[PDB]
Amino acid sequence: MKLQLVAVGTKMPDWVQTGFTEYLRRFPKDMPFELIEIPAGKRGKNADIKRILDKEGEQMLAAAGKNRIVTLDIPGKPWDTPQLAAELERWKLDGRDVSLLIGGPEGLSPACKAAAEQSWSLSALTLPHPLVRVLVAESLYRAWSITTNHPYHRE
């Protein structure tokens, strides 16, 4: 089973790219952790905001294919770390890869919300998408460490 982050935006700040990678690199060969970046739509003066968001979401859903769709969304389940570890174990059972969907600054499209099999809230706060990527990688790493009975690695 692979864990696939499907996220809007390319060219993250270098510190985000570095921190993100540092967690991603912890995952072993038997649990691939991968990133798909969806281009952010350009929002000019007369932009159709609803249409741009729908296109972002269409691309995200295309990338997720037949995977289990978990959205990152502020109204989702406020899982604690033991809970997230239990969900990671649960994700193994049906054989699918898992796509974790992170929206851009205007959030997830309606189609992405309708498609969500599960939804996960990291915080009550409105978080910026680059930081969300890092938080998802770290927290999934932490969950991996719990499911595999390894001490947490603080670099």
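Just count from 1 along the sequence shown to find any residue number.
**Student:** According to the deposited model, is the average Cα temperature factor higher in 128-136 or in 9-17?
**Tutor:** On average, C-alpha B-factors are higher across 9-17.
**Student:** Between 27-35 and 48-56, name whichever shows the higher mean Cα B factor according to the PDB entry.
**Tutor:** Between 27-35 and 48-56, it is 48-56.
**Student:** Comparing recorded Cα B-factors across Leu88, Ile69, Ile102, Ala40, which one is largest?
**Tutor:** Largest recorded C-alpha B-factor: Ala40.
**Student:** Taking the C-alpha B-factors as the PDB entry records them, is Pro82 in the lowest, middle or highest third of its chain?
**Tutor:** Lowest third, going by the recorded CA B-factors of the chain.
**Student:** Quick check on the deposited entry: does the C-alpha B-factor of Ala114 sit in the lowest, middle or highest third of its chain?
**Tutor:** Highest third - that is where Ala114 ends up once the chain's C-alpha B-factors are sorted.
**Student:** What third of the chain, by the recorded C-alpha B-factor, contains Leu61?
**Tutor:** Tercile = middle for this residue's CA B-factor.
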